[PDB]
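Chains as they are written, first to last, in the authors' numbering: chain N, 1 to 193, 197 to 353, 362 to 437, 445 to 485; chain K, 1 to 100; chain L, 559 to 612; chain M, 1 to 504. Cβ coordinates follow ideal geometry from the N, Cα and C atoms, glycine included. Heads up: the structure comes next, in structure tokens.
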Amino acid sequence: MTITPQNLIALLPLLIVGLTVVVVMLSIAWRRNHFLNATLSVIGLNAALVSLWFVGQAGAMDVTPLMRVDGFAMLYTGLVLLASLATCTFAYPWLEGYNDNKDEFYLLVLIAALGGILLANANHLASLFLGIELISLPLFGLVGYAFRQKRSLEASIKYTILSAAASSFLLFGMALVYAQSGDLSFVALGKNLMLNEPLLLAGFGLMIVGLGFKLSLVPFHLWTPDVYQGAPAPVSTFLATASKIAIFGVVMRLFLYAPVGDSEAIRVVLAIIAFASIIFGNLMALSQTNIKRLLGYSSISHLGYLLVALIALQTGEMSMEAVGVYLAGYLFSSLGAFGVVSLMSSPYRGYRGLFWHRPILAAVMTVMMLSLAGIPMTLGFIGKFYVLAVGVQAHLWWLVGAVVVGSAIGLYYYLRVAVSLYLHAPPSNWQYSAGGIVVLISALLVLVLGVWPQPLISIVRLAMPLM
Amino acid sequence: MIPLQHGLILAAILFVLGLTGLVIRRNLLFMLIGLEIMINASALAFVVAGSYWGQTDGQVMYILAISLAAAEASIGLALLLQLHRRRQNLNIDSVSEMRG
Amino acid sequence: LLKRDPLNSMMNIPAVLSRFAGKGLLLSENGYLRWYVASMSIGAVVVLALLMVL
Amino acid sequence: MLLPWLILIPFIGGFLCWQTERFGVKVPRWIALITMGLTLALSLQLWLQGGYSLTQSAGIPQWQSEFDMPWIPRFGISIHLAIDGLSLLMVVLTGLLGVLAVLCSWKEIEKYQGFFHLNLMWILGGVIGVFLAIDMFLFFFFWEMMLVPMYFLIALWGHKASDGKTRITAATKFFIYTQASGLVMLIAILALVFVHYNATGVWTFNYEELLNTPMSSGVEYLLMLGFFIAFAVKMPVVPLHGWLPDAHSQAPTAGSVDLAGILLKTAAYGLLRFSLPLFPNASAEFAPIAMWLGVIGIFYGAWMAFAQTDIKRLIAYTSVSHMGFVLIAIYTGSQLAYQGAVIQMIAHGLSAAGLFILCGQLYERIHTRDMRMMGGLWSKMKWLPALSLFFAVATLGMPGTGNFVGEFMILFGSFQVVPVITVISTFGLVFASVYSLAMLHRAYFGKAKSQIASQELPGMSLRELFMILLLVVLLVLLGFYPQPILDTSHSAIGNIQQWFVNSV
Ligand SMILES: CCCCCCCCCCCCCCCCCC(=O)OC[C@H](COP(=O)(O)OCCN)OC(=O)CCCCCCCCCCCCCCCCC
Numbered sequence: 001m002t003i004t005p006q007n008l009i010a011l012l013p014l015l016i017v018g019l020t021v022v023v024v025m026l027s028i029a030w031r032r033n034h035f036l037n038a039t040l041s042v043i044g045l046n047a048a049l050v051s052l053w054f055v056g057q058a059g060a061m062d063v064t065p066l067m068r069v070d071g072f073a074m075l076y077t078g079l080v081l082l083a084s085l086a087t088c089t090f091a092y093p094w095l096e097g098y099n100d101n102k103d104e105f106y107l108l109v110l111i112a113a114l115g116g117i118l119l120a121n122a123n124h125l126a127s128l129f130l131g132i133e134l135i136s137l138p139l140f141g142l143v144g145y146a147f148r149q150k151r152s153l154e155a156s157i158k159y160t161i162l163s164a165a166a167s168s169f170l171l172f173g174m175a176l177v178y179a180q181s182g183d184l185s186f187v188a189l190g191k192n193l197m198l199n200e201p202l203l204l205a206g207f208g209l210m211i212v213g214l215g216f217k218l219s220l221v222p223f224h225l226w227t228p229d230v231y232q233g234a235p236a237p238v239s240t241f242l243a244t245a246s247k248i249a250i251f252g253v254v255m256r257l258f259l260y261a262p263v264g265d266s267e268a269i270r271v272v273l274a275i276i277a278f279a280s281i282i283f284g285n286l287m288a289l290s291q292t293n294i295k296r297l298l299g300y301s302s303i304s305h306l307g308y309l310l311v312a313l314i315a316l317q318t319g320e321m322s323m324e325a326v327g328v329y330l331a332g333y334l335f336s337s338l339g340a341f342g343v344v345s346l347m348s349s350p351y352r353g362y363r364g365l366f367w368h369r370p371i372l373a374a375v376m377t378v379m380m381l382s383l384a385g386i387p388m389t390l391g392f393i394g395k396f397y398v399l400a401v402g403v404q405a406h407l408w409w410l411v412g413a414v415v416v417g418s419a420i421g422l423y424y425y426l427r428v429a430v431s432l433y434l435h436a437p445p446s447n448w449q450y451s452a453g454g455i456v457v458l459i460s461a462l463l464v465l466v467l468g469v470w471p472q473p474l475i476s477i478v479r480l481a482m483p484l485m
Numbered sequence: 001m002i003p004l005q006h007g008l009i010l011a012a013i014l015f016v017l018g019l020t021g022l023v024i025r026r027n028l029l030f031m032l033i034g035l036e037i038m039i040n041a042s043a044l045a046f047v048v049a050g051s052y053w054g055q056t057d058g059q060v061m062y063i064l065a066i067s068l069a070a071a072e073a074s075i076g077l078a079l080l081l082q083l084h085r086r087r088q089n090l091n092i093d094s095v096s097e098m099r100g
Numbered sequence: 559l560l561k562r563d564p565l566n567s568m569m570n571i572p573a574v575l576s577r578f579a580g581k582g583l584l585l586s587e588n589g590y591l592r593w594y595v596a597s598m599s600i601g602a603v604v605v606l607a608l609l610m611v612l
Numbered sequence: 001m002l003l004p005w006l007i008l009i010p011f012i013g014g015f016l017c018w019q020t021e022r023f024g025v026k027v028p029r030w031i032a033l034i035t036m037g038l039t040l041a042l043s044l045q046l047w048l049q050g051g052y053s054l055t056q057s058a059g060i061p062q063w064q065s066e067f068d069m070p071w072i073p074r075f076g077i078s079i080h081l082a083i084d085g086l087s088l089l090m091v092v093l094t095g096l097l098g099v100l101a102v103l104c105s106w107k108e109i110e111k112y113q114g115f116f117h118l119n120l121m122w123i124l125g126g127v128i129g130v131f132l133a134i135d136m137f138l139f140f141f142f143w144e145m146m147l148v149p150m151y152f153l154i155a156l157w158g159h160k161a162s163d164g165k166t167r168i169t170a171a172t173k174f175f176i177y178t179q180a181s182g183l184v185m186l187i188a189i190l191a192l193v194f195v196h197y198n199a200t201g202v203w204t205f206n207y208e209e210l211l212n213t214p215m216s217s218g219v220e221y222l223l224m225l226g227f228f229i230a231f232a233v234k235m236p237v238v239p240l241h242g243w244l245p246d247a248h249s250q251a252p253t254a255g256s257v258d259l260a261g262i263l264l265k266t267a268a269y270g271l272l273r274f275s276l277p278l279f280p281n282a283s284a285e286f287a288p289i290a291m292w293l294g295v296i297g298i299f300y301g302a303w304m305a306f307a308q309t310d311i312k313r314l315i316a317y318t319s320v321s322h323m324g325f326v327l328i329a330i331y332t333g334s335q336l337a338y339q340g341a342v343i344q345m346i347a348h349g350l351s352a353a354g355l356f357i358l359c360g361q362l363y364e365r366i367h368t369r370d371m372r373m374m375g376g377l378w379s380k381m382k383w384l385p386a387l388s389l390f391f392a393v394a395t396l397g398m399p400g401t402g403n404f405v406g407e408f409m410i411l412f413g414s415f416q417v418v419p420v421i422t423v424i425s426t427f428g429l430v431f432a433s434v435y436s437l438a439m440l441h442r443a444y445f446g447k448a449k450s451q452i453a454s455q456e457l458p459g460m461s462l463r464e465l466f467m468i469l470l471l472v473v474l475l476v477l478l479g480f481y482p483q484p485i486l487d488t489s490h491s492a493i494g495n496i497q498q499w500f501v502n503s504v
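Here's what the structure looks like:
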């Protein structure tokens with residue numbers, strides 16, 4: 001099998017992001033200009049976003065032994081491209097205060113977006129591993145971007161060591177799986193099988212360890228508040244949105260296309276991990292005074308909810324659209340919240364009563380805090396409703412009980428932050451205005467698709483892969 | 001003629017020895033050395049898996065594994081040089097100011 | 559005897575349980591990297607054992 | 001077709017109060033009065049146009065006016081509104097109490113009154129939508145979207161004498177209780193929808209389609225249990241009642257949030273509309289547990305209300321006891337008990353509205369709410385002690401007020417069904433008289449126990465006196481002539497009772 005021009009037509013976002021990586025590299029090497037390389041990165045990401053239309057006009061095809069492109073890959077590519085664009089938009093006013101070079105940030109963001117796109121298009125074990133590492137390594141760079149600051153260096157060292165250990169775990173499980181089956185494709189895991200054999204189960208368990216590190220799942224979740232607090236706020240935005248979206252998309256692709264998802268033991272241990280993730284992530288954010296650690300535990304809880312939606316994929320046919328809707332709502336809410344945090348942290352030097368000096372940012376922050384709690388008139392409620400419907404349909408009662416309990420605890424701390432925005436405390447540049455517009459459209463999209471969610475349902479259901 | 005189980009057991013032994021050196025050692029350089037040991041052990045398991053089935057996929061996965069190993073070693077070495085420059089010691093347990 | 563609203567405290571018991579459990583779980587986030595790697599290894603052993611027993 | 005507008009014009013009015021706030025501080029109160037007057041006018045127009053007095057019972061469903069619009073066609077979800085006699089009565093009561101809540105906060109010249117009024121009519125539109133909507137997802141959406149402005153009003157605009165931490169704690173307790181109960185109600189709704197899909201094969205969230213759903217015993221019991229847990233937190237039913245006195249005490253000192261927010265009990269309407277017809281057999285099996293919970297609620301609320309040193313907390317526990325009476329009324333399967341329940345909810349809303357307004361004005365006069373710091377206040381004000389005496393007389397079940405009519409028809413139907421629960425509830429009425437006398441004697445009679453009660457206090461103005469006298473006249477007319485109210489709700493109550501007792 002060889003590469004046809006239609007394959008490169010379907011390969012448009014990957015080629016565009018690689019080309020703009022090379023172009024940003026050459027422009028940085030020509031002259032250190034922050035605005036020019038920032039505009040080049042935004043132009044390349046938007047070019048990939050509008051080349052998604054030509055990818056959709058092409059069709060669904062298995063472009064490589066590695067890649068497969070369909071509506072699934074299109075939707076997750078669009079999500080990670082939106083996350084990368086918002087990361088650049090929030091990063092530029094933060095980078096205006098950086099005394100050191102400000103040009104490698106957009107290069108690393110573009111390379112991580114390339115890794116996310118390759119994770120969205122992955123249909124092979126090698127593609128899955130390469131996409132995980134291509135997400136992780138620019139995140140090593142971006143988390144420790146302000147290495148003069150102590151906490152950024154702490155988070156960089158912790159993330160690098162822990163993610164190298166998780167990559168080693170995942171690669172060893174991959175090697176055990178390949179020793180069992182003999183093919184690394186996503187559709188030939190256990191085709192020779197008596198679906199339960201200890202070597203394949205152990206390999207899938209080690210890949211579960213690696214992916215659960217990458218998805219902040221209990222008990223591989225201890226890095227999340229530390230890395231989220233230490234990293235810069237646009238880096239926290241990217242790590243909360245794009246990494247989670249891409250890794251969970253490739254996790255669902257692996258657990259849908261493989262026959263190993265029908266095994267009861269993996270479903271049982273995933274239910275245990277989802278229960279522990281929801282309860283632990285919600286309970287750990289009760290007494291959190293810092294917004295970044297609170298949002299890290301929030302990410303743990305929301306990935307637990309996504310796990311609950313993923314467990315019932317083999318029984319019901321509506322789990323995938325539930326995960327898509329929840330991930331769209333979670334992306335928008337995390338973008339709004341971390342964008343308010345980034346705009347309050349910009350420019351880089353080195362939230363109580365926010366309404367009395369910055370009222371629009373307080374409005375966006377309290378809307379996103381309502382959205383993350385699963386409260387109606389917001390998109391997070393639509394996602395939680397989808398997760399609960401999927402759990403009820405396949406009769407997972409422990410999981411939906413955990414969802415209700417965790418939603419109550421999240422209600423407590425999210426609404427505490429929301430009222431603290433309106434208590435009594437004791445910029446001037448169009449890039450900051452662009453960030454404010456981005457978080458405002460995020461809040462407006464959350465409210466509108468909470469009131470009227472049906473167009474998002476139509477777009478998500480039209481993103482239908484090969485059943 | 002050579003059992004696959006013995007090669008996988010060898011790779012598992014090297015992996016758990018690398019993790020032992022990762023956990024019990026406090027200097028950051030030995031954590032990076034242990035990380036190199038685990039990534040070489042996973043690559044070794046991939047080569048045994050590819051040699052059992054007679055395919056080049058294990059060797060290609062080994063190539064990707066050691067490309068990742070080299071890139072992560074360079075990144076961790078730069079981060080360790082930063083830690084030694086701004087702290088003047090390689091104690092990894094003093095990196096604990098972020099808690100709770 | 560009832561002016562303290564005993565049923566209100568009976569239903570406020572799980573709030574106290576949630577607070578105690580959250581404060582207990584927050585002690586695991588001590589900020590040490592070697593503990594994080596050890597906890598990852600512990601979780602790997604736990605999930606592998608749960609996969610072997612079923 | 002007027003029902004979408006009946007829900008919408010509070011929301012448009014609240015948006016106009018927010019927008020026209022820049023025109024002046026004294027502008028949004030007038031806008032709120034105009035839009036609640038219009039909402040009450042359309043509710044009265046539906047009352048005069050529906051012809052509820054000469055309506056028979058054609059079986060469930062039987063709606064006087066309905067509206068359909070597709071909302072989420074993937075799940076078969078529609079903005080589906082329907083009005084009959086019971087829904088119309090609660091909508092008219094909602095408009096009346098919203099007008100009273102807007103009039104009760106007329107003396108605020110604060111800087112941010114526009115958002116206060118916006119949240120107030122958001123609450124009012126949410127509770128109107130709860131009464132009107134029969135689609136399960138839309139009913140749940142109104143049920144939980146009226147919750148956020150309640151939280152924000154209690155937390156930010158609440159009792160100024162208390163600290164911010166106490167108001168935040170009370171608001172968060174109320175929100176956690178009500179939204180967790182909403183979530184388990186959503187679990188019950190989703191499981192009912194999936195059972196209906198497995199039986200038939202069509203995505204229906206409609207109330208009329210879910211009635212013809214075959215369920216085994218045990219599953220229907222759990223769905224009924226989730227519905228009852230939601231309607232037991234929102235009633236309140238003990239021990240799921242701790243949010244109510246905390247939310248009432250840390251409510252805004254004007255008293256508008258109590259009238260608009262909590263004094264219309266959507267839980268008993270939800271039991272009559274949804275818990276009883278959708279789960280007849282499960283509710284018939286649950287009737288002893290619910291009725292004994294009502295008994296415990298009546299006596300527990302009386303024992304609290306005697307032992308509170310705070311008057312607002314006392315009235316909250318009066319609400320607990322009266323809704324325990326209503327809970328006993330719901331699970332009897334009797335025409336007379338259901339009609340008495342409807343009369344009791346309306347009369348309790350009016351009487352507790354009068355009590356809360358008079359308590360708020362008393363706090364405005366004397367700057368304290370502790371009942372140990374006041375006494376002998378009959379000779380200190382002009383109108384307030386006599387009107388509070390009338391409303392405390394009304395709340396103990398006195399003839400000439402609608403509370404006696406509602407409670408006695410409840411007890412007549414209950415004694416037709418179960419005698420022991422009836423006699424224990426009548427002794428609960430004795431306890432109710434006991435706490436009403438205790439509140440009256442510790443509030444307005446005796447000698448002055450402090451210096452603020454030892455001086456002559458200013459009298460009430462014309463607007464508050466007019467609204468209190470309107471409440472007094474309405475309670476007297478309900479007590480002496482409840483026949484139009486009984487004839488208005490005779491068809492829907494008959495349909496619900498026939499569906500409840502004909503399927504068992
Ligand atoms: C009929 C029973 C069976 C069915 C139940 C269905 C569920 C709905 C009905 C029950 C709801 C119970 C809610 C209980 C908590 C209410 C809120 C509360 O009490 O908050 C207190 C406190 C916040 O107040 P504050 O003083 O500011 O905080 C302390 C400072 N650190 O709060 C905190 O500090 C932390 C609050 C965390 C969130 C609340 C706790 C939720 C735990 C899960 C409960 C699920 C239901 C369990 C079964 C019922 C109870 C036995």
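beta-carbon residue i near ligand 1 non-hydrogen atom, thresh 7 Å
{"i": "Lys150/N", "result": "no"}
{"i": "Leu222/M", "result": "no"}
{"i": "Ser162/M", "result": "no"}
{"i": "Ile189/M", "result": "no"}
{"i": "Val184/M", "result": "yes"}
{"i": "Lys173/M", "result": "yes"}
{"i": "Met569/L", "result": "yes"}
Straight-line gap, residue i to residue j (C-alpha atoms, nearest Å)
{"i": "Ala82/M", "j": "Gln335/M", "result": "22 Å"}
{"i": "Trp499/M", "j": "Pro277/M", "result": "6 Å"}
{"i": "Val177/N", "j": "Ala41/K", "result": "15 Å"}
{"i": "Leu12/N", "j": "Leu52/N", "result": "7 Å"}
Residue of the options minimising C-alpha distance to residue i
{"i": "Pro288/M", "options": "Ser414/M, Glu144/M, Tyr481/M", "result": "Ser414/M"}
{"i": "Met291/M", "options": "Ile410/M, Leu210/M, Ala254/M", "result": "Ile410/M"}
{"i": "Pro61/M", "options": "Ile134/M, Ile31/M, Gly125/M, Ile109/M", "result": "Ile134/M"}
According to DSSP, residues forming a beta bridge with residue i
{"i": "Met69/M", "result": "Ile79/M"}
{"i": "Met67/N", "result": "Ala122/N"}
{"i": "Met61/N", "result": "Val69/N"}
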